[PDB]
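Peer 1: Have a look at this one before I ask anything.
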Ligand SMILES: Nc1ncnc2c1ncn2[C@@H]1O[C@H](Cn2cc(CNC(=O)c3cc([N+](=O)[O-])cc(O)c3O)nn2)[C@@H](O)[C@H]1O
Ligand SMILES: [Mg+2]
């Protein structure tokens, strides 16, 4: 009784300043550097994420896997007014942590949390949420869903030329099938950003894959 995710949030509520997203991010990072490792994107990879976001200024972002709401907070705090983030989370407990994390950050009005698995929700985006195409996609869910969900996004017509895919953990725990596909495919221009597994000295990285169209 009493999960790590609940402890992380409790620490944020005690040490972070309400309505200040930088503060919420620093609290989580501190908690996870000092007390318990947890699978947030972390500040090192979060900084690359920030740079990618500022470059494209997406109006509509889709995130796969929210977890505690760390990357959701990172991204939604950089979004222009009227720009939105959709985040898919299959575990209702983590989704609740995320909602409260975003509420504390004062970012709740920029984000919609979708409850359910990506494979079930993605085919419903156009019909049930009036989504034309996506400006950007952050992949941070089950590693072996990266490729299937990409092909699924393409099938559902959610990708246009210019859609940026940003994938966490392509080295650790690794997504070798996703990497071979986007790199080998002329439908994706790919950039690797070398970095470190969150809160550790193990080499990890993000992959940016830009859809070129059919
Ligand atoms: N199909 C899915 N649809 C929606 N949400 C999903 C799905 N699969 C997992 N999630 C969510 O990802 C979050 C966190 N997560 C991520 C994974 C797969 N990713 C990792 O395991 C991971 C693992 C490490 N690691 O092992 O060092 C480091 C990282 O940065 C990671 O993202 N499992 N739970 C959880 O909230 C879970 O509900
Ligand atoms: Mg990750």
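Easy rule for this one: first residue shown is 1, then count along the chain.
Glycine is treated like the rest: Cβ placed from N, Cα and C.
Sharing the record's features from Swiss-Prot:
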type    : residues                                    : note
BINDING : 41, 63, 71, 89, 90, 116, 117, 118, 119, 140 : S-adenosyl-L-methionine binding site
BINDING : 140, 168, 169                               : Mg(2+) binding site
BINDING : 143, 169, 198                               : substrate binding site
Peer 1: Quiz question: given the binding-site residues 117, 119, 143, 168, 169, which has the greatest number of C-beta atoms lying within 10 angstroms of its own C-beta?
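Peer 2: Of 117, 119, 143, 168, 169, the one with the most crowded Cβ is 168.
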Peer 1: List which of the binding-site residues 41, 90, 117, 119, 143 have their Cα within 10 Å of the Cα of residue 168 (Mg(2+) binding site), in sequence order.
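Peer 2: The binding-site residues close to residue 168 (Mg(2+) binding site) (Cα within 10 Å), listed in sequence order, are 41, 143.
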Peer 1: Taking only same-chain residues 6+ apart in sequence, whose CB is under 8 Å from that of residue 140 (Mg(2+) binding site), what do you get?
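Peer 2: When sequence neighbours closer than 6 are ignored, residue 140 (Mg(2+) binding site) has 41, 63, 64, 65, 67, 71, 167, 168, 169 within Cβ distance under 8 Å.
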Peer 1: May I ask which of the binding-site residues 90, 140, 168, 169, 198 have a CB within less than 6 Å of any atom of ligand 2, listed in sequence order?
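Peer 2: The ones that qualify, in sequence order, are 140, 168, 169.
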Peer 1: Measuring Cα to Cα, how many angstrom lie between residue 90 (S-adenosyl-L-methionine binding site) and residue 143 (substrate binding site)?
Peer 2: 14
Peer 1: As a check: which entries in 71, 90, 117, the binding-site residues, place their Cβ less than 6 Å from an atom of ligand 1?
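Peer 2: Cβ under 6 Å from ligand 1: 90, 117.
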Peer 1: For residue 41 (S-adenosyl-L-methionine binding site), what is the tally of other C-beta atoms lying within 10 angstroms of its C-beta?
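Peer 2: 26, counting other Cβ atoms within 10 Å of residue 41 (S-adenosyl-L-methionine binding site).
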Peer 1: To test your reading of the Mg(2+) site: which residues beyond 140, 168, 169, same chain only, put their Cβ within 8 Å of the Cβ centroid of those residues?
Peer 2: 41, 45, 65, 138, 139, 141, 143, 167, 170, 206
Peer 1: Cα-Cα, whole number of Å: residue 143 (substrate binding site) versus residue 117 (S-adenosyl-L-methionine binding site)?
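Peer 2: Approximately 13 Å lies between the Cα of residue 143 (substrate binding site) and that of residue 117 (S-adenosyl-L-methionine binding site).
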Peer 1: List the same-chain residues at least 6 positions away in sequence whose Cβ sits under 8 Å from the Cβ of residue 198 (substrate binding site), in sequence order, or say none.
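Peer 2: Set apart from residue 198 (substrate binding site) by at least 6 residues yet with Cβ under 8 Å, we have 32, 37, 39, 40, 41, 42, 44, 45, 204.
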